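**Student:** First, the structure itself, so that you have it in front of you.
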């Protein structure tokens with residue numbers, strides 16, 4: 245069993261049911277529960293990321309992956325400034341629209357801010 | 245008569261003959277003589293420009309016109325920096341090659357540096 249909500253013991257399957265795919269509602273209606281130090285908790289602590297097949301928090305290989313949840317599931321990038329808002333992101337939860345008409349040293353600037361994105365869900 | 249070379253009196257026609265169209269040789273072999281304060285002199289003093297039909301130096305309406313003689317008779321403008329080298333020019337003696345691939349606020353920057361050019365001899 246695992247320690248839950250600082251008062252009861254629950255099994256893996258319970259923690260797993262909570263975790264599973266609260267489809268949309270990221271903003272107060274999901275968390276996606278994880279296992280860490282025999283506790284079933286809302287999210288991995290700092291320095292940890294979630295090993296997917298077993299809900300288990302494991303320490304990060306270098307800096308932790310960073311999931312960026314977009315407002316309304318979308319974001320339009322039309323400048324270096326808007327691209328910067330995604331700096332450090334490795335996972336985009338949503339969809340991206342690229343609308344860049346001008347500027348300077350864009351390939352390097354865009355690579356600095358968007359070069360770490362590994363996945364886009366939309 | 246006019247005062248010439250600080251020792252003799254010469255007539256208008258003499259000053260005019262000196263002035264006339266020493267075709268090329270701008271760099272030590274021309275000057276184009278002018279009239280100022282009853283002197284026939286190599287060039288207009290600061291604040292004056294030459295009224296063309298009578299060789300007479302007249303005070304400048306605002307800043308004075310500026311002749312820019314190009315090295316080898318040409319110049320390639322490929323940046324804001326190279327354009328700046330022509331800032332203030334009203335006459336180009338030579339030919340211009342424009343090769344601008346990128347940058348920012350170019351229309352304003354180029355107009356600031358090249359917007360006063362009235363004539364190109366090549």
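Residue numbers (PDB author numbering), protein chains in the order written: chain F, 245 to 366; chain E, 245 to 366.
Don't be surprised by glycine CBs; every beta carbon is placed ideally from N, CA and C.
#1: Comparing alpha-carbon positions, which option in F:322, F:365 and F:345 lies nearest residue 357 (chain F)?
#2: For the structure I just gave you, are there three or more beta carbon pairs, one from the stretch 248-267 of chain E and one from the stretch 352-366 of chain F, closer than 8 Å?
#3: CA-CA distance, residue 297 (chain F) and residue 278 (chain F)?
#4: For residue 325 (chain E), list the residues DSSP reports as bridge partners.
#5: For residue 292 (chain E), I'd like the list of residues in its chain whose CB is within less than 8 Å of its CB, leaving aside the five on either flank, ordered along the chain.
#6: So what's residue 263 (chain E) in DSSP terms, helix, strand or just coil?
#7: Could you check if residue 245 (chain F) is buried or exposed, using at least 16 other CB atoms within 10 Å of its CB as the buried criterion?
#8: Bridge partners of residue 303 (chain E), per DSSP?
#9: Would DSSP call residue 282 (chain F) helix, strand or coil?
#10: Determine whether the beta carbon atoms of residue 248 (chain F) and residue 274 (chain F) lie at a separation below 8 Å.
#11: Are the beta-carbon atoms belonging to residue 336 (chain E) and residue 290 (chain E) less than 8 Å from one another?
#12: State the Cα-Cα distance for the pair residue 268 (chain E) and residue 328 (chain F), rounded to the nearest angstrom.
#13: Please classify residue 287 (chain F): does DSSP put it in a helix, a strand, or coil?
#14: Give the secondary structure of residue 363 (chain E) by DSSP, where H, G and I count as helix, E and B as strand, and everything else as coil.
**Tutor:** So, from the data block:
#1: Here the question's residue 357 (chain F) lines up with position 113 in the first chain. Here the closest residue by C-alpha is F:322.
#2: no
#3: Translated into positions along the first chain, residue 297 (chain F) becomes position 53. Translated into positions along the first chain, residue 278 (chain F) becomes position 34. Cα-Cα distance, rounded: 11 Å.
#4: Position 81 of the second chain, counted from the start, is the residue given in the question as residue 325 (chain E). Per DSSP, none; premise fails for residue 325 (chain E).
#5: Sequence index remark: in the second chain, residue 292 (chain E) carries index 48 (1-based). Closer than 8 Å at the Cβ level, and outside the excluded window around residue 292 (chain E), lie 280, 301, 302, 303, 304 and 308.
#6: Your numbering for residue 263 (chain E) matches position 19 in the second chain. Correct three-state label for residue 263 (chain E): helix.
#7: Here residue 245 (chain F) corresponds to residue number 1 of the first chain, with the count starting at 1. Result: exposed.
#8: Indexing the second chain from 1 puts residue 303 (chain E) at position 59. Paired residues: E:292.
#9: For the purposes of this step, residue 282 (chain F) is taken as the residue at position 38 of the first chain. Reduced to three states, the DSSP call for residue 282 (chain F) is coil.
#10: By one-based count along the first chain, residue 248 (chain F) stands at place 4. By one-based count along the first chain, residue 274 (chain F) stands at place 30. No; because the gap between Cβ atoms is not below 8 Å, this pair is not in contact.
#11: Taking the second chain and counting its residues from 1, the one referred to as residue 336 (chain E) is at position 92. Taking the second chain and counting its residues from 1, the one referred to as residue 290 (chain E) is at position 46. Contact flag unset, no.
#12: Residue 268 (chain E) sits at position 24 when you count from the first residue of the second chain. Residue 328 (chain F) sits at position 84 when you count from the first residue of the first chain. Each residue's alpha carbon lies about 57 Å from the other.
#13: Reading the first chain from its first residue, position 43 is the one you call residue 287 (chain F). It is coil, neither helix nor strand.
#14: The residue you call residue 363 (chain E) lines up with position 119 of the second chain. Three-state DSSP puts residue 363 (chain E) in a strand.
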